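Trainee: Taken in order, these protein sequences are the chains called G, I, L, O, R, M, K, P, D and E.
As numbered in PDB author numbering, residues 29 to 42, 60 to 89, 102 to 135, 152 to 243 make up the first sequence, in order.
As numbered in PDB author numbering, residues 13 to 42, 58 to 246 make up the second sequence, in order.
As numbered in PDB author numbering, residues 13 to 42, 58 to 246 make up the third sequence, in order.
Heads up: the fourth sequence begins at 2 in PDB author numbering, then just goes up one per residue.
Heads up: the fifth sequence begins at 2 in PDB author numbering, then just goes up one per residue.
As numbered in PDB author numbering, residues 11 to 174, 190 to 232 make up the sixth sequence, in order.
As numbered in PDB author numbering, residues 6 to 174, 190 to 232 make up the seventh sequence, in order.
Heads up: the eighth sequence begins at 1 in PDB author numbering, then just goes up one per residue.
As numbered in PDB author numbering, residues 74 to 97, 104 to 209, 223 to 297 make up the ninth sequence, in order.
As numbered in PDB author numbering, residues 74 to 97, 104 to 210, 217 to 297 make up the tenth sequence, in order.
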Amino acid sequence: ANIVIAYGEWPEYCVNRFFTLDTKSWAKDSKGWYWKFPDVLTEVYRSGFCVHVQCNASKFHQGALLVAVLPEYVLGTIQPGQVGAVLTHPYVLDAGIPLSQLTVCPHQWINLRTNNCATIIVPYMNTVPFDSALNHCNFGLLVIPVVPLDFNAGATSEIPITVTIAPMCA
Amino acid sequence: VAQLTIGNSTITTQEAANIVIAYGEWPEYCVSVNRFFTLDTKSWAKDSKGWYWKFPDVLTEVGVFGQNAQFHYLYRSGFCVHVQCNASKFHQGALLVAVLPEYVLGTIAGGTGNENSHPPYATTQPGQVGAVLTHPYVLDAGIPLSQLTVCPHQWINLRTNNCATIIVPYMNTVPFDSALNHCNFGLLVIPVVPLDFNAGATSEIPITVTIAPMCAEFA
Amino acid sequence: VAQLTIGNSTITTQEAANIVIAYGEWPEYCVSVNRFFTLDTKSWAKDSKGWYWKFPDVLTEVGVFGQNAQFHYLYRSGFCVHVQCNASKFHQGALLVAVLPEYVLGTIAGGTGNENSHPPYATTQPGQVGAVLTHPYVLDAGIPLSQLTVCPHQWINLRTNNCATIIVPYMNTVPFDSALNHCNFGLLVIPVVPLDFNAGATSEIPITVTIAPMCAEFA
Amino acid sequence: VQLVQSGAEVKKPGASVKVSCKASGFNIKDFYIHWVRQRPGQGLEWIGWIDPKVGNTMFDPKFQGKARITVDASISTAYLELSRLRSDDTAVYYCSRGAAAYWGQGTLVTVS
Amino acid sequence: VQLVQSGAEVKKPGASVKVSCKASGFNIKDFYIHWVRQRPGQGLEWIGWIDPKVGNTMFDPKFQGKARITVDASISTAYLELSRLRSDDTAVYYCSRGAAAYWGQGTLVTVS
Amino acid sequence: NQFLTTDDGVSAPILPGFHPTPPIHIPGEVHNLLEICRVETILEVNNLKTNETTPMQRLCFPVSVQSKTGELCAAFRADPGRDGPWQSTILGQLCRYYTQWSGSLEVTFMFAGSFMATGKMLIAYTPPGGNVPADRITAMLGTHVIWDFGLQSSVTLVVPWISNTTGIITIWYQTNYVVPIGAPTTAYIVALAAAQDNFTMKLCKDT
Amino acid sequence: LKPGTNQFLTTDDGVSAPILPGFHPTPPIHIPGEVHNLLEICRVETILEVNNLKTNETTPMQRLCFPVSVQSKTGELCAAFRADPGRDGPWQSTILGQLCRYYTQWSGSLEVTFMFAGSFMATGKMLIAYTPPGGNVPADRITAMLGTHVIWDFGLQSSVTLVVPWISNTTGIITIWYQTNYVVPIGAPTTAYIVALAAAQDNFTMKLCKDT
Amino acid sequence: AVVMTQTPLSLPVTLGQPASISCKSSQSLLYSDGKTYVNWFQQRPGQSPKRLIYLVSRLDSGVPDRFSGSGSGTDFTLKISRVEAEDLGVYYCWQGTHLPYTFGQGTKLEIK
Amino acid sequence: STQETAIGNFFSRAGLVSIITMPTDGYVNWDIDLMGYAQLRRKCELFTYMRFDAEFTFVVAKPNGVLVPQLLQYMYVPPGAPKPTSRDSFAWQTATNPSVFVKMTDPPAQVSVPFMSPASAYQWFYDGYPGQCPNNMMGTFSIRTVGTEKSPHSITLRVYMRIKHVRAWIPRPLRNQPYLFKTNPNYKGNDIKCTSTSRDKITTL
Amino acid sequence: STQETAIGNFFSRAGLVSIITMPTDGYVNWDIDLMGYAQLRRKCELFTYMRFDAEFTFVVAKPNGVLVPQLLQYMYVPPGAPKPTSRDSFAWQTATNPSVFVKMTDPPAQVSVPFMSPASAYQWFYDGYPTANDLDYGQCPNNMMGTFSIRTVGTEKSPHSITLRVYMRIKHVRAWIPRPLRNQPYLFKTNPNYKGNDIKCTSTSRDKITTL
């Protein structure tokens, strides 16, 4: 029951299954991942989304994640679908936005000490009420390991991260 | 005779309603401090020129009035002064006790020490003992003594009365302030008519100052 | 979790009603003092013997509890202690926290210095850091540990709970007293079951003491 | 009239020392007592003086926090209390009344 | 290891002086520091020692009020502050750690 | 199309987004300048030529036992605009900032001798366009008060009207100065001056 | 025709003639997240950069969290930083310290929250102490407790909040003291990190706009 | 944040010829009050420093009157008539106008 | 109070956006531009959807700042209309492109232009392809002298611009890296200037 | 009547506060202060706390008394913003500083500026030091209205030399706590020093006390 509604607006109106993406392995020296949203759904109008991020880890690992959505995320010189894509220089994300101020957007912390679930409800946000899908991307979800992973030797080396998306009356 | 006592101290004062409230405003607001702190006695000689004390630095060292409040240092306080001169009935003279707000002493003194190896700085916190004035006619600033009576004042004429009390409220642009830097007002005591006595009597007449704060807030 | 705060300090305590009131009497009577003074952390090693602090000398230097009241030095106060031991779930051991009134340590220590040129005197005011016991089985007096539980006590078993609070009222023949000479009671913490842990983990478990006076009067 | 001082000291980083300055003949409450420094192989520096009458003490911006000058009227001393030493604070320290009359001998301190 | 002290002083009756005792080599917080007196032409007397760890100071009944011993850990001193001097207080004063190891030189005081 | 110097009007603000600090009640607010001209200030009647060296003696004029009865002691005109004694008061400095003034004044004196002194003095005022008196008997015929400094220590004399040749105030000896053995010989009298309620000034000018 | 006319004031408002009077622009549509005041932006928690050492310009990802370890004795300090969002140092990295460049004077109260990030089996206590402005940094722990402080225990909760009473236009110093040593069992990691956060309270306001 | 500069390095000198060491500033060293304030100090290798010049051009118990100094406003200088052996050492500028008192870079006197 | 930090005060004050120099082709086509000088850019990007109209002002003088009684014309084209290409082109007589005719010795001109996006708000950040740039343009201005032959007076001018009736719709983080181009948020790859300054030890005051 | 002597009619007249000459660096930074021409100073000193806004006016013409068009610019900096340092510095294009653009042949400009003290009233007399304990030497407070900056518009230098005068009114005055006047001549612009050796007495002199 730790849901967060982006900008305080539930998605109101005027396929309904949990599509679960591939599992991304969090290594010891990874830098982070990001998915542009309409596109991920595409390979696998006016629509909302519902995203769940969960990290099944033990009680002897440590680390912290920062899950935050970001509308109209445009990147520095480098459309990833299911797999996603890695970051190049995490500190600046890719537009020089400092990571430090990413929390001005809707966000949720995944601390491995306490909780392993984070859900964000995001409504539709665009200048026009309807548009095309294959050209435009509305927002981007970012997962960045602000505090690095650590474990003693002999445990599992890669902690899994699972994302699940669910449309809201497209 | 009246034994006015509040808290720990006890003083004796006459039954005279010759108080003067500075600018017609009582000190209004919004335990071990409301007591009569009596300063050192200054001796009035035959050719003395005058003394001055600055406020509220006068109760900083002695007393705990400016004790750092470890929470924050916002303070706001009024005062109640008492000047009295115990003379006989064969002496003569006149004093002028007046509080002038925001006094600035342009004159400079050498201070305690230099060897022309720094510019000699100046002291503007006499503190407990006060300090003598240099040129009275100008009051160490350009103001003329003549016009000193435009501020709150009271005359001490040795012929008639030996008491002068002034109630002074808080007067500053901001409601609270950091104490050590600032100094709100200055009390001055100037012998406008000089002392005289025929030879044989006592040569120095004493002057006693008594201060009492009025609900110094710290909130 | 509960953030108990009174005045300036703020501490975190469990939601357990495992308090013990010494002799069934709350401290009853007839501003900047009712706060949680937390002492130094004592490290419980593998072969330690026990620690003791005496009261109310424990809050004399730190704090202002015994500040001379320039009126008179009649005081009367109770206390509220808090012992807690932050250990993991792979350590094991047991502590015994008990307040024994009127403790007298017969044993003597050399103290800091002599050259067999005065009889070596003894210290009975450990104060802030406390002091180690010498022979636990007898508690530096002849009393047997076995029977220590006849006083107000509480067990700290690392398997189950890590908190122990004792409310202790004022207990003396006279209603008020001169503080520096006297010492009312002594808190003792004795490892009756020794600590053990398999090699590799942390070697010293910490112990934290928190004191809070209950309306120390001065009237 | 001479200002004699303490001996040298060898310390570790993060510690706090205090040198001493004896007065002799002249009264301590009259002159300002300055304090200067010399890093080895560097030109003279300045820390701050003290007004012994009332207690006005003022320092160079650089050592604003670190230093602390106090005076005692009974035994006629002048202490300079450094604190939080780094590897840069190895130097000789001198106390001198005003500039001209006298200065004292150098007191080398070691932090290594 | 030696205890060096201050110089002589000439004072007036009713004043208050304080002699000093330097430590050297040995740490100041370990041994007691006694203080003894010798009136000219009279046998050694005793004033009181000090416990430098916590601050226990105790005096002979005679000088109960007059004397005051303090210790400083930083500069390693030991002060004996007399007060309210009479014509009887002209004597040499010594500071010594315990009795045997060392004592310091005599410091004569004059009240006339 | 001109920059009249003394014209008012609404001018465009340089910082429209600025919201200044709201006021706080501080004591002693003054609305009119006539609150300043109603307080008693020291006159300088003893402004002799031998006082520029030590100007502290300029504030009080003496009385003594070496003076015979019935001799003029001191005198001065009553006009706050001209030079002389009225330059030293707060009224005479604020009357340099205006052109025309009118109204009534008041002058109070204050004895400062010992408690054992006794005697009388006559404060006489002549109207404008008259003449200074020659002796005491022609001075008592005009407006006067008889100050006795054995009963009260301060007396007040009110000047009826001044405007824009003026009045002359004289201090006559009525009896000689009487003192007992041990009392001092000479005493001083300090003067004070302020305006009444009906004093107004009517045109601005610089000094 | 009064004086002051025929001039071009830069910061004056007024009605100016439109270039296309026949044009009717697009009517608005409700899109979520409209912001009216800039103080909605200065009330969200952002990451502080307390570990801004000189050896982090190469890999700046380590600059966001400061470590705690078992090799530290009890009673010693861990970190310290001043509390003024206008100056340089750690407050440059937050959203409050960037919007305070754009105004001259500010006042009000702040809040700083921390968040532990170690394993579930770690236990210990730390003391968050704040000294008022015009005071001095404490020398050891026993003089730090006497001021305003909270005792954070990271075996019970993982996030604690410390509120700064008042700042305006010498400032406060926040210190992180060790109360007990770090306790871990066999198999848990050795070091852990603490991430800091900072935002303003409701009574924070600014005035006199300036340019950076 | 005032700075001072001195004629650089060393002016090698011989027995009897002038030296003319110069010192230049960043802003005028004249106080509001009429006096302008500079000082010159000399330190012999292995001893505490000593004062040489008073105000801008006056001497105090410096027996050689050789040391003469002169200048005003931005520039200041010391002209010596004949450099005796005693005169070898280092030389500094001290300035009093602004709060951060400044000591000079330091020069050297050498034989050729 | 709270009114000084509102969204209306944070963009009200005017500023220059461009400097136009015409020395002795005879015309210039200054495009509309808000990402032109740097300062505004940072401020603007604090949000991702803005909506506002503008109010321009052209101050004109010779390069040594002395006025000459000479005529000018500031032709304004809307989005979609073709721009002029010569000093004597066909576009200068087109009625649908409004223009002002002001002398040089007169007070400066003042023109307001409403926002003409086909959408409901401007976008400073577009993710898709129309390239990674959207289609928001507010036209261009065209400045030339009036006549057939060349006027013997070189002129320069500055264009100031206010912003009225602002509203913003989603907030975003700021920018710390220096800019590189006018349309895309690139940054220097090899070296990254960390946002804060630095100290030597964490336990310093 | 009694209205002529009110506080409002005691400061209502306009008077020039400074003369600015730019002959043939190209810019000047005239600081603002009521102080600077003596007459006003003494008048203001009548009270110790004043509160008022101002209204300036700039008349401009060549030294010789003839006019020539040269667009000028009077940039105004608020308190705290950095001042310009060169003719082509970065400050001249800063939006936050407002400016007027007026022609020499036009009527004179008129600008009003509201009072911008962080406190509630101005202080002509401050007793302490600018800085809890005293830290530095000085007897001046922190109150100012910021400077004006005047330069010609263009890239190269103007052909003509220009001079200007700045007149200033004061409006809506309120005052507090009256004090005595000043008789000794002034010596500096910031501190109330006086000449020590000789003191000019207040009045003139006569020969005998009994003269008419």
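Don't be surprised by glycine CBs; every beta carbon is placed ideally from N, CA and C.
Secondary structure at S10 (chain P), three-state DSSP: helix, strand or coil?
Mentor: strand
Trainee: Quick check on DSSP: helix, strand or coil for residue 22 (chain D)?
Mentor: Look at the range of chain D in this structure, 74 to 297, and you will see that residue 22 (chain D) is not part of it.
Trainee: Determine the DSSP secondary structure at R87 (chain K), reduced to helix, strand or coil.
Mentor: strand
Trainee: Under the DSSP definition of a beta bridge, which residues are partnered with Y108 (chain K)?
Mentor: DSSP, once it has assigned bridges, lists K:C229 as partnering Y108 (chain K).
Trainee: Can you tell me whether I34 (chain M) is buried or exposed, with buried defined as 16 or more other CB within 10 angstroms of its CB?
Mentor: exposed
Trainee: Does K35 (chain P) have its Cβ less than 9 Å from a Cβ in chain I?
Mentor: yes
Trainee: If I measure Cβ to Cβ from residue 188 (chain K) and keep anything under 8 Å in the same chain, skipping five residues before and after, which residues do I get?
Mentor: Between 174 and 190 the numbering of chain K has a gap, and residue 188 (chain K) falls inside it, with no coordinates.
Trainee: Who are the Cβ neighbours of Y41 (chain L) in its own chain at under 7 Å, not counting the five residues just before and after it?
Mentor: Correct list, in chain order: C242, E244.
Trainee: Can you find the residues in the same chain that come closer than 8 Å, C-beta to C-beta, to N225 (chain G), ignoring five residues on each side of it along the sequence?
Mentor: So the list reads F117, once near-sequence residues are dropped.
Trainee: Looking at chain I, which residues of the segment 113-130 of chain M have a Cβ within less than 9 Å of any of its Cβ atoms?
Mentor: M120, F121, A122, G123, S124, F125, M126, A127
Trainee: Going by DSSP in three states, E244 (chain I) sits in which element: helix, strand or coil?
Mentor: strand
Trainee: How many whole angstroms separate the CB atoms of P83 (chain G) and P37 (chain K), which I take to be in contact at a CB cut-off of 8 Å?
Mentor: Actually they are not in contact, since the Cβ atoms of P83 (chain G) and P37 (chain K) sit about 18 Å apart, beyond 8 Å.
Trainee: CB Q269 (chain E) to CB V85 (chain I), shorter than 9 Å?
Mentor: no
Trainee: With a threshold of 9 Å between beta-carbons, can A84 (chain K) be considered close to chain D, or not?
Mentor: yes
Trainee: What residues in the segment 225-239 of chain L bring their beta carbon closer than 9 Å to a beta carbon of chain K?
Mentor: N225, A226, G227, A228, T229, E231, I232, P233, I234, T235, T237
Trainee: With distances taken between CB atoms, is the gap from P197 (chain D) to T31 (chain K) smaller than 9 Å?
Mentor: yes
Trainee: Given a cut-off of 9 Å, decide if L297 (chain D) and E124 (chain D) are closer than it, judged by their beta-carbon atoms.
Mentor: no
Trainee: Check whether the Cβ of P26 (chain M) lies closer than 9 Å to any Cβ atom in chain D.
Mentor: Yes, its Cβ sits closer than 9 Å to a Cβ of chain D.
Trainee: If you draw a straight line from the C-alpha of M131 (chain M) to the C-alpha of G81 (chain E), how long is it?
Mentor: 45 Å
Trainee: Compare the C-beta of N199 (chain I) against all C-beta atoms of chain M and say whether one is closer than 9 Å.
Mentor: yes
Trainee: In the DSSP assignment, find the beta strand (DSSP E) that holds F131 (chain D) and state where it starts and stops.
Mentor: 128-140
Trainee: Straight-line CA distance for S173 (chain I) to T287 (chain E)?
Mentor: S173 (chain I) and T287 (chain E): Cα-Cα distance of roughly 9 Å.
Trainee: Go ahead and label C178 (chain G) buried or exposed: buried means 16 or more other beta carbons lie within 10 angstroms of its beta carbon, across all protein chains shown.
Mentor: buried
Trainee: Got a sec? Which residues, its chain only, sit under 6 Å from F27 (chain R) by beta carbon, not counting five neighbours each side?
Mentor: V2
Trainee: Please report the distance separating the alpha-carbon of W197 (chain K) from that of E81 (chain K).
Mentor: Between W197 (chain K) and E81 (chain K), the C-alpha separation is close to 6 Å.
Trainee: Please report the straight-line C-alpha distance between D18 (chain M) and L89 (chain E), rounded to a whole angstrom.
Mentor: Using only the alpha carbons, I get a separation of about 16 Å.
Trainee: When DSSP labels each residue in this structure, what does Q221 (chain K) get in the three-state scheme?
Mentor: Per DSSP, reduced to three states, the secondary structure at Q221 (chain K) is coil, with no helix or strand assignment.
Trainee: Compute the distance between the beta-carbons of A84 (chain K) and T195 (chain K), then report whether it is under 9 Å.
Mentor: A contact, by the Cβ cut-off of 9 Å.
Trainee: Give me whichever residues DSSP pairs with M253 (chain D) in a beta bridge.
Mentor: D:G88, D:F135
Trainee: Give the C-beta separation of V49 (chain K) and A219 (chain K) to the nearest angstrom, bearing in mind that I take them to be a contact with Cβ-Cβ under 8 Å.
Mentor: Contact flag correct, Cβ pair sits at about 6 Å.
Trainee: Identify, in the order they occur along the chain, each residue of the same chain with its Cβ nearer than 8 Å to the Cβ of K54 (chain R), setting aside the five sequence neighbours on each side.
Mentor: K30
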